[PDB]
């Protein structure tokens, strides 16, 4: 199988600035008929894949000239002279010369903005849910940049592990920030053993970590 | 407008089988082949197999060879992917795409038109509607709804029947170890407003025909 | 060069009514089991034979019903190629009439009609009045008139005649020109000046 390797796999681009993605195949993509079968696809957040470039350097209908594909043999480059908010998503290269078709890992493109610290919020479980015999505590880090942040759960000062999950939104096109939601889940019984519930947040934008907490039963 | 319309999301148990369809319109079905490409959650794209509409020839990727059959029906302009012996690791969105050249054979475009995709959730869980809990605190405050223990995907959430969109963040669902999903939707508003204005989340889970409105105080 | 090639390669091709056009599709692929396929998208396909050339499609005794778009399709190594060709069937017999048949000084006008022809669009069907090979100056066209007699057409061009002066030309020449992709035909009819 031909191996397609993209570097880098993450790009943070200042509005206006150029972006460049390298795609290398383990073997040449030039066919005996003269065509070099290297293709670029873009998958935007929440949407199906779309054709971006065909045969190395031909832009598909509707693709701005600010996207430009080039290369030959085993080394290829996709350049984007400017990255608009609409351009963010995951870009894939793919060889179409020898079955099975193989894609690169996909390079994630995002807008680079000034660092922005998160607004941190914590939510106790609802009485309604506690009747159900389960307790979820939720910590919200709202509108921060970059997406790299750390949420640490503490119950009575003890770090929690394996009973929390989180997810992050797609980059906001207006302010270029992210929000993150983390959920700690305890049985109603375990919840009732401890008083202090805290979420500890570490971010490039915070001088020191920020803690939000409440006491169960206040 | 060239279009590929795929069948709806499916839930199947490990070891079962699934048949995804891809209905073609807006172009000549027999002048293009059909690829199937999938994407497991938070993963890259991966080519699955190919059906040559006009000849009946196929090619399968290693991951599905021996338990997949792809075909094309020229009577209804529909292509099918039939994947048996399902694994949890088959869980993915499955895309079909037409594959072909310019009208003169001049350029090979590759996959220029894609279907919207079909979510295939290989799971042993049973269909369950969500539980909606308020997310309230103990000049900005945050509030929200926790949409918990549902299956399968998706649910939809809005606030104030679409009238409230500003500052809303509806996060990706996470899959709990219980095999049930959980989702949060929040909105930050001026503090004085939390308490004078009305904030209601509208939660929808079509698979279980579940409609929930929750006002959070 | 791409695997699938058709001869002739032009995207649209012309053929005379009642005449025949043969189109050859071939696919340069290394694996055997490779095949191509002609298909009629807009019209009935015609007769395909698989040996000579490669895949040879033949339109025979062409009627207007044969005009339309056809495509040849073929895959090589998992890549599907197509070649589209559109066929135009035209009627343009050598049936060009003039009125009056002969000109008499004092005649204001002359008309010339091309009979049982198609298409009749001015970009393809054009008329001219000529004298000594050259278009007759002072001649004023009144405008084409399309009429009937598969349903063909008769098309009439009328000209306001200029003063013919002395010596009156021995004859004027009405000429109809047919221009289609790959086609240029003309018929000339004489107009004796009495």
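The chain as shown is numbered from 1 upward.
Every residue, even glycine, has its Cβ placed from backbone N, Cα and C.
Sorting the domain 'Ig-like 1' (C:1-90) by DSSP state (H, G, I as helix; E, B as strand; all else coil) yields 3 helix, 50 strand, 37 coil. What Swiss-Prot records for C:1-90 is domain 'Ig-like 1'.
Swiss-Prot lists C:25-C:72 (among others) with the feature disulfide bond, giving experimental evidence as the kind of evidence. In this view, residue C:25 (disulfide bond) is surrounded by 25 other Cβ atoms within 10 Å of its Cβ, with every protein chain counted.
Marked as disulfide bond by Swiss-Prot on the basis of experimental evidence: C:29-C:76 (among others). Within 10 Å of the Cβ of residue C:29 (disulfide bond) there are 19 other Cβ atoms, across all protein chains.
As annotated by Swiss-Prot, N-linked glycosylation site applies to C:61, with the evidence given as experimental evidence. Sequence-distant contacts (6 or more apart, same chain, Cβ under 8 Å) of residue C:61 (N-linked glycosylation site) comprise C:18, C:20.
Look at Swiss-Prot and you will find C:112-C:174 (among others) tagged as disulfide bond, backed by experimental evidence. Here residue C:112 (disulfide bond) comes close to C:96, C:97, C:98, C:99, C:127, C:129, C:156, C:157, C:159, C:174, C:176, C:189, C:191: these same-chain residues lie at least six apart in sequence, with C-beta atoms under 8 angstroms from its C-beta.
Cβ neighbour density within 10 Å is lowest for C:76 among the disulfide-bonded residues C:76, C:174. Long-range Cβ contacts of residue C:72 (disulfide bond) within its own chain (separation 6+, distance under 8 Å): C:4, C:6, C:23, C:25, C:36, C:37, C:38, C:39, C:55, C:57, C:82, C:83, C:85.
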